[PDB]
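Residue numbers (UniProt numbering), protein chains in the order written: chain G, 41 to 196; chain C, 41 to 154; chain B, 31 to 371; chain E, 43 to 250; chain X, 28 to 123; chain F, 2 to 145; chain D, 37 to 212; chain H, 52 to 113. By construction, the Cβ of each residue, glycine as well, lies at the ideal position given by its N, Cα and C atoms.
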Amino acid sequence: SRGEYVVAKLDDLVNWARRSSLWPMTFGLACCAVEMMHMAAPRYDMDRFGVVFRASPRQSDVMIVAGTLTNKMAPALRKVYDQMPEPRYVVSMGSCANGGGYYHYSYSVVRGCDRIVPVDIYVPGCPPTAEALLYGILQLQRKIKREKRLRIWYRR
Amino acid sequence: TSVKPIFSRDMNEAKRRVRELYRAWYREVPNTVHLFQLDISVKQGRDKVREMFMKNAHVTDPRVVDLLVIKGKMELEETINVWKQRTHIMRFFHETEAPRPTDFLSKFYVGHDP
Amino acid sequence: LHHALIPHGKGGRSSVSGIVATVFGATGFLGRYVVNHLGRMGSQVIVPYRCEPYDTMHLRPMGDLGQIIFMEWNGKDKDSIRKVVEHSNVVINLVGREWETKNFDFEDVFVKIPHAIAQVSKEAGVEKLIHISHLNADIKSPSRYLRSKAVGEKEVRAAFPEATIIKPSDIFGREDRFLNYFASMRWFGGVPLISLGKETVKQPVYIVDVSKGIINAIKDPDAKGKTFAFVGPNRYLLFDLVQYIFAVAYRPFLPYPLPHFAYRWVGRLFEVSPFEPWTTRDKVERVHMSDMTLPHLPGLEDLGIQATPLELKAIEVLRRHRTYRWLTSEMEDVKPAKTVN
Amino acid sequence: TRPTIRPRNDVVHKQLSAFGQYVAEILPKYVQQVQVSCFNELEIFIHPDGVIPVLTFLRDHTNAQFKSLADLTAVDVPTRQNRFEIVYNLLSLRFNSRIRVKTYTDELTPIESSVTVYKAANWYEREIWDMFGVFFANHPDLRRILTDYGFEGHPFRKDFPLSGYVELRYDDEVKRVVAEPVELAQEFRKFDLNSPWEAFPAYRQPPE
Amino acid sequence: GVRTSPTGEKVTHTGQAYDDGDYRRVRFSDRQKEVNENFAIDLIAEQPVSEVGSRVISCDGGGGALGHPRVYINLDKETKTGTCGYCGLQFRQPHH
Amino acid sequence: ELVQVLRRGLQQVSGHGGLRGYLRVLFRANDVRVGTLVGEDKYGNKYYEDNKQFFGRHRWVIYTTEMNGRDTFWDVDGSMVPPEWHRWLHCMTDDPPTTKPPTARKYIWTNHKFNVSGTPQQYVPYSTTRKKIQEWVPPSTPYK
Amino acid sequence: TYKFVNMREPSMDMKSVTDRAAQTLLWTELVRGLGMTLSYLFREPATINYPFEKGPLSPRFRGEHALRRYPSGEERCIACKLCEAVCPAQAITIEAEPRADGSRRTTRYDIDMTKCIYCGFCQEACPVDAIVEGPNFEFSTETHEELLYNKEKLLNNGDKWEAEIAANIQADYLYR
Amino acid sequence: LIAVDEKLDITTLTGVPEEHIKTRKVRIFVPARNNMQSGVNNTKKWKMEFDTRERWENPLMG
Ligand SMILES: CCCCCCCCCCCCCCCCC[C@@H](O)O[C@H](CO[C@H](O)CCCCCCCCCCCCCCC)COP(=O)(O)OCC[N+](C)(C)C
Ligand SMILES: CCCCCCCC/C=C/CCCCCCCC(=O)OC[C@H](COP(=O)(O)OCCN)OC(=O)CCCCCCC/C=C/CCCCCCCC
Ligand SMILES: CCCCCCCCCCCCCCCCCC(=O)OC[C@H](COP(=O)(O)OCCN)OC(=O)CCCCCCCCCCCCCCCCC
Ligand SMILES: NC(=O)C1=CN([C@@H]2O[C@H](COP(=O)(O)OP(=O)(O)OC[C@H]3O[C@@H](n4cnc5c(N)ncnc54)[C@H](OP(=O)(O)O)[C@@H]3O)[C@@H](O)[C@H]2O)C=CC1
Ligand code: SF4
Ligand code: SF4
Ligand code: SF4
Ligand SMILES: [Zn+2]
């Protein structure tokens, strides 16, 4: 159908822009944040792919939870995630963000940031290498490429 | 056996400190409700303060009472300075905990708990 | 009971409750609340979805590892319905649109889909079926919404004789329509009301109470094939209810009477939207209609839930509509609305 | 040569023993015991109320210029009447030496705050209070430093469970993070590793 | 040597297979079940039997330091083969 | 001299097999360098080496346009390389699999599978242990 | 010994004073910094073209876990639980029973990859070199469940990466 | 130095929940020697452990 083709082209265009322009929030908690610095470093430059750190959550699309999430920190993480405007994606990085990691059986550690925020991509490691994090970011981009919001809406 | 007192010597001064802390907490509930934008009433907050005070009413040791009022002052100064968030203030209410059954028959039905 | 369905734990996030529930239309208001309660219990939840998976992200933290399963579903495909209800002993039906789309009508979303779900679930061996309908479900009702609701209720009862049919009055909550629809008429100057809202009586019910009642129906063994009416503890006139809503929102309330034909034309105007309509003629009729009284049917008090009054949870919903001048105003600053009891 | 054994410093051992006798003679009112470990670490056990005089002497004395407070911690030994053990590590830059002062206390006994002698004692005593429940009397600002706001109980006590009693999660019904009783998908597995054969005869205790 | 349960679900080398009435098979709907096709027991049975003319033989698994700890198998019981249990390898004295 | 640089650019244009191949490698690989072909795997990936580049850029892979059953003209993953060429590309050795083929075993996968997350072939966890407790089965015959 | 990082005083002769005044009025050090950045602009960038180019690694790199086999196809693991005992994060769960032929073999061998810290203690404690940490590191998933590996997943990883794992072990087994 | 004619009770200060204060019975004992070994070095110190509670099987991964 002409309308189906038009909406397919439109939501391919929309997904391309969001895929190609990712603005992670400047948010690092622990040693896993050093590998984010090494990804931003010249060797594995994230700026090539359209990935640019922004301080404000209002101007951010992706939240990279890289570090141990504690009970004292969880409200702040939830607050900044809520203040991020939609569409918003979450990449948990390292063992601490994925599950508990080395501190899973601890009184002051949340066993996974997925108990607080909906996580889209999980990157395993302690810490994940810069290449591993870049692979996770590209996998998130490929996940965005498959979203069909206008195609869902047209048949809604 | 004589022991080093923290404060209050005998129990009368401990009760005086308890009353001072209770007044300080009582005069703070409206401000806490207004600042934190809590959906509870002021009466509910005052009743919760009363309940939290009452669960330690069986203490008969002046040093334990002194430590209790010290920790109460700490958690009050955390509330006044807005160091706590709405999360903790509502944690005082256990709004999400399911009602635990307390009768023998219900405890027998649910599981192996004593 | 199968050896894997025996309850274990203390009713926590990581416990086992022995409930395998397929929740249709979980990507919604009542759906999300029910899924949250099930995950809090620690049950296995299957979530059939037809929308974008991104719209189901809010359901991810509601359950432990593997306790929530997302599967695609059509509604017109009995194969997909069977695929999603194959292994679940409880099926909850909350599918419904307040308006009509090009592909789905009130006939499809309230009669065909619930009937197909009930028929396929019976073949699959589902032990319990919960079906959500409307309190004012009358076959001779002026609203096609309510007519289809009644027809689908009859079809579901015929297909699954051991069903539990729940009839909420009007659910209000953070993401509801009722309070939000009433409080969103600020932009359109005044508040148009039919007969100034003096001839309409409503008793809205709280979303948490509705979800808890739905959960308790599953657990209660003596509510297999019954009918329940979920209503609030107090009945209000429409004028008084809207006035209280605007007072809590601290907005200037300017009611004015609008004739029924003019209101119907206005509702017809707003339903030309390709997107979600702001209002429809059926919505206007439902707002004008008084809530029915069904003393014979059981309710939240019979299921063990004390109905939460509006005055306690109105500020949770209407604080968002306030301005910075009144954002910090307390709950007690507004006098309770006038009841009709 | 014995390449696999650490060499010993008898000169430093003798110097530390002499200085221990010196301080014990100078402060007989509070010093209860003096020990020197075989790896040359002096240790002084004093009365709990002698903290201020002993630390002031060790800081201001000409022959003991311990101007730096290296560390301040507590050790929990539940089998003792005075379970908590307060440990001060002092560093003397003038003489290039280190000393340790150990005192004892229980839950209900305050310990005089040494913030008037060393400034780092402020945060060190705040951490000690937060983690063990030991109260310091004259502390300018005593409150929790590491634990969450409203956290109940002192985590570093031996009787505190490893995973605590509560856990946090986001509850969508109330639209906020909530605290609920702890519940683990996989329970922590306790390992019994102690060999039933005595390893070091030198530390064998009398059968009693 | 993968085997299929009556419910259509493949059986792993440990014999794992969810029952017909088990609800946990829903996790495999619209997805797959991770089953390893190579069966170690079948392969080690397919391995032949080595014959050595000595009462005691030694097995280190092959590769030297890349194998398993060296063990000695006593080939005196003529009614059975002596099996190195680290690698499940059978040895036997030449009969007849 | 700028002339030599321009001639090198023209050689790179003609080294990929005309303008069409140059554009294809420019748009799907973002780099138009030319290097010697070390080898090619069974999935269509090509491997090139250029020792004049600095360490890190001296080896690269041009992925195939279709692996297994997925069209990977644009969706190229770093997990699409078979393990031997993976070792060579990540520089754990200086010997390509063509020169030093890996030891052959009967249990090694013949077809390499990329990361299958987000697809129906994704890994789903389950318990591999049998039921610990067997429950009593009541008799099927009546009594009394 | 020691040295002073900043204890030099400037000379007060007329030429030096005039030079300092010129530096203040004419931004000499600022121009110097600009020149440094311009030189770096004209240098060659140090960015590799991922994923077509990969960063250097070593045979000792620890990534995804795998369970190996003997050349005959029999599993190397003998269910000795040394890896479970030595795992710092308690990420390994092992349950074993005699096999149909009486071999000491595992029935459950689970590794939680969201709990593992990738420290490599399991491949040091293995006396038969069964469990290894393979060279693969690009195994990010979209759900938490997919990172809870079981015995079938680990055996599949071993069969998938056996060639590279064997090559790395051959390269680096003389240092252990 | 005050004198208190009371028994020590720091239950309100330990922060333990009332359920785990009231419904718990510890067992004070000297551990039995493991019969598989002849060593007796693990039978010299008294131990305190709590009563066993319910342990169930996780639906995922068992
Ligand atoms: C700015 C002011 C407003 C402008 C309004 C819009 C103006 C027109 C916008 C033009 C968009 C150009 C898009 C060009 C396509 C991207 C290039 C190509 O690579 O895309 C591929 C294909 O993209 C998608 O398949 C579809 C792209 C968009 C399809 C066109 C939609 C219709 C465009 C024209 C409509 C404009 C009028 C209507 C709106 C105003 C996917 O590449 P990708 O895999 O990711 O690359 C990964 C990197 N690798 C290669 C190294 C691995
Ligand atoms: C049109 C394009 C122009 C391009 C020029 C760009 C130059 C390169 C830019 C790099 C620098 C840009 C970022 C740096 C900004 C800050 C630089 C700065 O602060 O300079 C001001 C500098 C800093 O002062 P202090 O170090 O704090 O010393 C004060 C002691 N109490 O001081 C100045 O004000 C110098 C300003 C320069 C003015 C020009 C010099 C005047 C000399 C006059 C001689 C001619 C006399 C005319 C009469 C002629 C009679 C025949
Ligand atoms: C030559 C003649 C002209 C040819 C081109 C004609 C069209 C050009 C574009 C016109 C503007 C957009 C028109 C409407 C697009 C579809 C919007 C829509 O209905 O989206 C539906 C849906 C909303 O959600 P829904 O599925 O309804 O569910 C409700 C809650 N989930 O999903 C969404 O809303 C998805 C979120 C994004 C929606 C907005 C973006 C749509 C595409 C815009 C492309 C152009 C953008 C230009 C931006 C300004 C310039 C920089
Ligand atoms: N809300 C109220 O005031 C009251 C409602 N009820 C009834 O209770 C039920 C739940 O109400 P509520 O949560 O407010 O409704 P919502 O509109 O918020 O949610 C409807 C749900 O059903 C799904 N759905 C709708 N149409 C279709 C379709 N054609 N095919 C498949 N799925 C579909 C939606 O998914 P998706 O987004 O993917 O389309 C969504 O998950 C409804 O039947 C309603 O009539 C009863 C009393 C009061
Ligand atoms: S996963 Fe490892 S590297 Fe990352 S924050 Fe935790 S301890 Fe640090
Ligand atoms: S690498 Fe370390 S943390 Fe990971 S499974 Fe092995 S021993 Fe455990
Ligand atoms: S250390 Fe090796 S042989 Fe022992 S249980 Fe672990 S993997 Fe198996
Ligand atoms: Zn062997």
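Residues near ligand 7, criterion Cβ-heavy atom distance below 6 Å: D:113, D:114, D:115, D:116, D:117, D:118, D:119, D:130, D:161, D:162, D:164, D:166, D:167
Assigned secondary structure, residue 73 (chain D) (DSSP; H/G/I helix, E/B strand, else coil): Here residue 73 (chain D) corresponds to residue number 37 of the seventh sequence, with the count starting at 1. Three-state DSSP puts residue 73 (chain D) in a helix.
9 Å Cβ cutoff, residue 134 (chain D) in contact with chain A: Of the chains in the structure shown, none is chain A; the protein chains are G, C, B, E, X, F, D and H.
According to DSSP, residues forming a beta bridge with residue 267 (chain B): Residue numbering aside, residue 267 (chain B) sits at position 237 when the third sequence is read from its first letter. According to DSSP, residue 267 (chain B) bridges with B:231.
Chain H contact residues for residue 139 (chain E), given Cβ-Cβ distances below 7 Å: Taking the fourth sequence and counting its residues from 1, one reaches residue 139 (chain E) at position 97. Those within 7 Å of residue 139 (chain E) in chain H number zero; the least Cβ separation is about 36 Å.
Three-pair Cβ contact test at 8 Å for the segment 159-179 of chain D versus the segment 87-101 of chain D: Between the segment 159-179 of chain D and the segment 87-101 of chain D, the count of C-beta pairs closer than 8 Å reaches three or more; the two stretches touch.
Other residues of its chain near residue 92 (chain E): CB distance less than 8 Å, five sequence neighbours each side excluded: Counted from its first residue, the fourth sequence places residue 92 (chain E) at position 50. 69, 71, 72, 73, 145, listed in sequence order.
Reduced DSSP secondary structure (H/G/I, E/B, other) of residue 92 (chain E): Residue numbering aside, residue 92 (chain E) sits at position 50 when the fourth sequence is read from its first letter. Note: residue 92 (chain E) maps to helix in three-state DSSP.
Cross-chain neighbours of residue 240 (chain E) in chain H, by beta carbon under 7 Å: Taking the first residue of the fourth sequence as position 1, residue 240 (chain E) is located at position 198. Under a criterion of Cβ atoms nearer than 7 Å, the residues of chain H adjacent to residue 240 (chain E) are, in order, 92.
CB-CB length for residue 102 (chain H) against residue 76 (chain H), believed under 8 Å: Within the eighth sequence, numbered from 1, the residue matching residue 102 (chain H) stands at position 51. Within the eighth sequence, numbered from 1, the residue matching residue 76 (chain H) stands at position 25. Right, their Cβ atoms sit about 5 Å apart.
Buried or exposed by the 16-neighbour rule on C-beta atoms within 10 Å, applied to residue 171 (chain E): Within the fourth sequence, numbered from 1, the residue matching residue 171 (chain E) stands at position 129. Residue 171 (chain E) comes out buried.
Straight-line gap, residue 48 (chain E) to residue 134 (chain E) (C-alpha atoms, nearest Å): The residue given as residue 48 (chain E) occupies position 6 in the fourth sequence. The residue given as residue 134 (chain E) occupies position 92 in the fourth sequence. Approximately 25 Å between the Cα atoms of the pair.
Where residue 179 (chain G) falls, given that 16 or more other Cβ within 10 Å makes a residue buried: As a working note, residue 179 (chain G) is residue 139 in the first sequence. Residue 179 (chain G) is buried by the Cβ-count criterion.
Any C-beta of chain F under 9 Å from that of residue 186 (chain G): Residue 186 (chain G) sits at position 146 when you count from the first residue of the first sequence. Chain F, which has a Cβ nearer than 9 Å to the Cβ of residue 186 (chain G), makes this yes.
Cα-Cα separation, residue 52 (chain C) to residue 214 (chain B): Within the second sequence, numbered from 1, the residue matching residue 52 (chain C) stands at position 12. Within the third sequence, numbered from 1, the residue matching residue 214 (chain B) stands at position 184. The straight-line gap from Cα to Cα measures roughly 59 Å.
Residue 154 (chain G) - DSSP class collapsed to helix/strand/coil: To locate residue 154 (chain G), count along the first sequence from 1; it is residue 114. Helix.
Cβ-based burial, residue 69 (chain B) [other Cβ within 10 Å; buried from 16]: For this step, residue 69 (chain B) is matched to residue 39 along the third sequence. Flag for residue 69 (chain B) reads buried.
Neighbour list for residue 59 (chain G) in chain F, Cβ cutoff strictly below 8 Å: Residue numbering aside, residue 59 (chain G) sits at position 19 when the first sequence is read from its first letter. Within 8 Å Cβ-Cβ: nothing; residue 59 (chain G) doesn't reach chain F, min ~11 Å.
Straight-line Cα distance separating residue 86 (chain E) from residue 27 (chain C): The question about residue 27 (chain C) has no answer here: the residues shown for chain C are numbered 41 through 154.
Distance between residue 160 (chain B) and residue 380 (chain B) (C-alpha atoms, nearest Å): The question about residue 380 (chain B) has no answer, for chain B in this structure spans 31 to 371.
Within 9 Å, strictly: CB atoms of residue 164 (chain D) and residue 112 (chain D): Mapped onto the seventh sequence, residue 164 (chain D) falls at position 128. Mapped onto the seventh sequence, residue 112 (chain D) falls at position 76. Yes.
Where residue 75 (chain G) falls, given that 16 or more other Cβ within 10 Å makes a residue buried: In the first sequence, counting from the first residue as 1, residue 75 (chain G) sits at position 35. The residue in question, residue 75 (chain G), is buried, as its Cβ has 16 or more Cβ neighbours within 10 Å.
Cβ-based contacts, 9 Å cut-off: residues of the segment 70-104 of chain C near chain H: Flagged, chain order: 95, 96, 98, 99, 100, 101, 102, 103, 104.
Test item: CB-CB of residue 282 (chain B) and residue 338 (chain B) under 9 Å: Looking up residue 282 (chain B) in the third sequence gives position 252. Looking up residue 338 (chain B) in the third sequence gives position 308. The answer is no: Cβ separation not under 9 Å.
Those residues, in chain order, that have a beta-carbon closer than 5 Å to some heavy atom of ligand 5: G:70, G:71, G:72, G:107, G:134, G:135, G:136, G:141, G:166, G:167
Contact with chain H by residue 109 (chain C), beta-carbon distance below 9 Å: Here residue 109 (chain C) corresponds to residue number 69 of the second sequence, with the count starting at 1. Judged by the 9 Å Cβ criterion, residue 109 (chain C) is not in contact with chain H.
Whole alpha helix (DSSP H) elements within the segment 161-225 of chain E, 4-residue minimum: Here the runs fully enclosed are 163-174.
8 Å Cβ cut-off: residues of chain D touching residue 231 (chain E): Here residue 231 (chain E) is taken as the residue at index 189 of the fourth sequence, counted from 1. The answer, in chain order, is 126.
Closest residue to residue 335 (chain B) among B:259, B:154, B:265, B:294 (Cα-Cα distance): Against the third sequence, residue 335 (chain B) aligns to sequence position 305. Ranked by Cα distance from residue 335 (chain B), the options B:259, B:154, B:265, B:294 are led by B:259.
Segment contact, 8 Å Cβ cut-off, at least three pairs: the segment 134-150 of chain C with the segment 43-52 of chain B: Because the criterion of three Cβ pairs below 8 Å is not met, the segment 134-150 of chain C and the segment 43-52 of chain B do not touch.
Assumed close pair residue 257 (chain B), residue 330 (chain B) - CB separation to whole angstroms, cut-off 8 Å: Within the third sequence, residue 257 (chain B) is the residue found at index 227, counting from 1. Within the third sequence, residue 330 (chain B) is the residue found at index 300, counting from 1. Not a contact, Cβ separation roughly 14 Å.
Contacts that residue 61 (chain X) makes with chain F (C-beta to C-beta distance below 9 Å): Counting from one through the fifth sequence, the residue named residue 61 (chain X) turns up at place 34. Result: 124, 125, 126, 127.
Contact set for residue 85 (chain G): own chain, Cβ-Cβ below 6 Å, skip 5 residues either direction: The residue given as residue 85 (chain G) occupies position 45 in the first sequence. Once the five neighbours on either side are set aside, residue 85 (chain G) has no close Cβ partner at all.
Interface positions of the segment 107-134 of chain G facing chain B (Cβ-Cβ less than 8 Å), listed along the chain: 127
Minimum Cβ-Cβ distance from residue 105 (chain G) to chain E less than 9 Å: If you number the first sequence from 1, residue 105 (chain G) lands on position 65. Cβ-Cβ to chain E under 9 Å: no for residue 105 (chain G).
Buried versus exposed, by CB contacts within 10 Å (16 or more), residue 111 (chain X): As a first step, residue 111 (chain X) is located in the fifth sequence; it is residue number 84 there, counting from the start. Buried is the call here.
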